[PDB]
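Everything below concerns the one structure shown next.
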Amino acid sequence: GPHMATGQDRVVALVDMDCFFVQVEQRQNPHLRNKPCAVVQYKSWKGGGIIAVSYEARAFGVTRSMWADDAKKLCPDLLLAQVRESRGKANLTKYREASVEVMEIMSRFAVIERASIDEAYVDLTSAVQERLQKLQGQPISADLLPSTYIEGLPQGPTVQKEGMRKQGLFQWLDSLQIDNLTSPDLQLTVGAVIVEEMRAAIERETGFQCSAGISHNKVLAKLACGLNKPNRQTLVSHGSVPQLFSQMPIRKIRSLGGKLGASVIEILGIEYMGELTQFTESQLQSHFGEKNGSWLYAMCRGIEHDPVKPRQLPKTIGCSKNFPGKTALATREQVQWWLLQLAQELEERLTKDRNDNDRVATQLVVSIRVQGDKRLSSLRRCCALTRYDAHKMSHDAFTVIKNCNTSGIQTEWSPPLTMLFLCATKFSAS
DNA sequence: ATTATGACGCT
DNA sequence: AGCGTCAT
Ligand SMILES: Nc1nc2c(ncn2[C@H]2C[C@H](O)[C@@H](COP(=O)(O)NP(=O)(O)OP(=O)(O)O)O2)c(=O)[nH]1
Ligand SMILES: [Mn+2]
Ligand SMILES: [Mn+2]
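When you line the first sequence up against this note's numbering, it's residues 4 to 433, in that order.
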């Protein structure tokens, strides 16, 4: 009872940009705004592969991983923007720079953890304590939460979406105890006020809209963020977890969408996250290992301890290209030329990183895939990265992979390469 | 012939 | 160190 810690110590937010690459292209080209729009990589094969989709286009069934030609079948007026091509490959620099814009705004409010190109976690615990001090026990007006949903409300005792949103927010605010500066529900609420301000700042200063989740840990904040996209934020309280999880497929929780989640379902004979509560911690550890078992035991009760890492910058800088089917690299000249192309992009990005961020990478990782191997990587080899020079990096990458070529002929490469990947790692302050 | 990235756990 | 998983 009283000693049963409930995982309510922290206020954590997850901010995710809506259809990010599409918004980057819509800002640059106003003709794409408020239209069914998607971003594609390449064009020759089936129109290019879609990697981002505006919400207008999603209404027609357009999705990521779809070929543009098939997307056009579902939505003939779909507009398309293509990723830049440089040195023969897709170049994502425009989106990385737009990402830095958003991350720097978020960092004004709190230290953030960059989780991907378009989303970051925020630990708002201290910021919430400060705003609570300033409030002096003043209640929180619904006017301060103009885009916030309270998951699970309204309940009990109505036709429009905004009306439902405001109804739930009213029930939530009416139930709040604002004289208690340590009430977790109040703390989450103040956290949501701050996230409204953060999202207002992002849209004002970049033009980009985003959604957000506010809860007590990273997994619940991420799940909350997805409940009311786009351009809205969602508060998931500790109390909302039993009902939320009672019908939540296990695969919806981050890290359970793959083989481990399928094994949870198959071994335990369950479907929903809430069903996990009926097992003891030792039972879960016996099936899924000590770490996973402890994590599942806490997480099905809404509890997770993973910290928001103080990290605004990526830990690695990498360059990769697939060479599918008949485009696979089958000569040594080919392999050297593409290693050089990747290495020149890497050099450019690394040099800009050293200038911006006062650090230098010290290890080069070379990954290849060989024809007939279904795995992502057929082989990974590291070597030293001592100079930001593309010719040196590509020569070293060739040296560490050249023993892969089973061809007796010096010129041919067998079996052909269907992927090259260069990744700079192990940064040190410079 | 999804592709181009990341992060992180395991041994 | 090199490999596998998860994401998207
Ligand atoms: N190169 C590449 N980029 C990708 C891929 N998948 C996603 N991206 C890029 C394109 C995406 O714009 C961006 C962010 O990924 P999300 O947050 O998963 N999707 P979004 O922000 O579009 O929509 P939502 O409103 O549902 O959050 O990453 C991929 O497979 N390859
Ligand atoms: Mn997004
Ligand atoms: Mn994202």
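For each residue, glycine too, the CB sits at the ideal point set by N, CA and C.
Report the partner residues of residue 430 according to the DSSP bridge assignment. Along the first sequence, read from residue 1 onward, the residue named residue 430 stands at position 427. In DSSP, residue 430 forms a bridge with 364.
On the DSSP letters alone, give me the boundaries of the beta strand (DSSP E) that residue 19 sits inside. Sequence index remark: in the first sequence, residue 19 carries index 16 (1-based). Bounds of the beta strand (DSSP E) holding residue 19 are 15-20.
Check each residue's C-beta against every heavy atom of ligand 2 and list, in chain order, those closer than 7 Å. Residues with a Cβ closer than 7 Å to any heavy atom of ligand 2, in chain order: 19, 20, 21, 22, 23, 121 and 122.
Contiguous beta strand (DSSP E) assignments of at least 3 residues, all confined to the region 291-377: Listed in chain order, they are 320-325, 332-334 and 362-373.
Provide the residue span of the beta strand (DSSP E) that contains residue 27, from first to last. The count along the first sequence starts at 1 and reaches residue 27 at position 24. No beta strand (DSSP E) contains residue 27, which is instead part of the alpha helix (DSSP H) from 23-31.
From the DSSP output, read off the bridge partner residues of residue 44. The residue you call residue 44 lines up with position 41 of the first sequence. DSSP lists 52 as the bridge partner or partners of residue 44.
May I ask whether a heavy atom of ligand 3 can be found less than 7 Å away from the beta carbon of residue 258? The sequence position of residue 258 within the first sequence is 255, counting from 1. The answer is no for residue 258.
Option nearest residue 373 by Cα separation, candidates 400, 360, 414 and 421: Residue 373 sits at position 370 when you count from the first residue of the first sequence. Restricting attention to 400, 360, 414 and 421, the CA atom closest to the CA of residue 373 is found in 421.
For the alpha helix (DSSP H) containing residue 170, list its first residue and its last residue. Looking up residue 170 in the first sequence gives position 167. Annotation: the continuous alpha helix (DSSP H) that includes residue 170 extends over 164-177.
Between residue 264 and residue 253, how many whole angstroms is the CB-CB distance? I'm expecting something under 8 Å. By one-based count along the first sequence, residue 264 stands at place 261. By one-based count along the first sequence, residue 253 stands at place 250. With a beta-carbon spacing of about 5 Å, residue 264 and residue 253 fall inside the 8 Å limit used to define contacts.
Presumed contact (8 Å Cβ cut-off) between residue 292 and residue 284, rounded CB distance: For this step, residue 292 is matched to residue 289 along the first sequence. For this step, residue 284 is matched to residue 281 along the first sequence. That pair is no contact at about 12 Å.
Given that a residue counts as buried once 16 or more other Cβ atoms are within 10 Å of its Cβ, and exposed if not, what is residue 162? Counted from its first residue, the first sequence places residue 162 at position 159. With fewer than 16 other Cβ atoms within 10 Å, it is exposed.
Residue 39 classed as buried or exposed, judged by whether at least 16 other C-beta atoms fall within 10 angstroms: Against the first sequence, residue 39 aligns to sequence position 36. By the neighbour-count rule (16 or more Cβ atoms within 10 Å), residue 39 is buried.
I'd like to know if the region 219-229 and the region 11-25 are in contact, where contact means that at least 3 CB-CB pairs between them fall below 8 Å. Because the criterion of three Cβ pairs below 8 Å is met, the region 219-229 and the region 11-25 touch.
Given a cut-off of 8 Å, decide if residue 65 and residue 52 are closer than it, judged by their beta-carbon atoms. In the first sequence, residue 52 corresponds to position 49, counting from 1. In the first sequence, residue 65 corresponds to position 62, counting from 1. For residue 52 and residue 65, no; Cβs fall outside 8 Å.
Under 8 Å between the Cβ atoms of residue 95 and residue 86? Counting from one through the first sequence, the residue named residue 95 turns up at place 92. Counting from one through the first sequence, the residue named residue 86 turns up at place 83. Yes, they are a contact pair.
Beta-carbon contacts of residue 134 that lie in its chain and below 8 Å, excluding the five residues immediately before and after: Position 131 of the first sequence, counted from the first residue, corresponds to residue 134. Only 193, 196 and 197 meet the Cβ criterion.
Going by the CB atoms, is the gap between residue 201 and residue 256 shorter than 8 Å? Indexing the first sequence from 1 puts residue 256 at position 253. Indexing the first sequence from 1 puts residue 201 at position 198. Not a contact, by the Cβ cut-off of 8 Å.
Should residue 216 be labelled buried (16 or more other beta-carbon atoms within 10 Å of its own) or exposed? Residue numbering aside, residue 216 sits at position 213 when the first sequence is read from its first letter. Buried: at least 16 other Cβ atoms inside 10 Å.
Across the region 347-367 and the region 385-399, are there enough close Cβ pairs to call them in contact, namely three or more that are closer than 8 Å? Cβ pair count under 8 Å is three or more, so yes.
Cβ of residue 54 within 7 Å of any heavy atom in ligand 1? Looking up residue 54 in the first sequence gives position 51. Indeed, a heavy atom of ligand 1 lies less than 7 Å from the Cβ.
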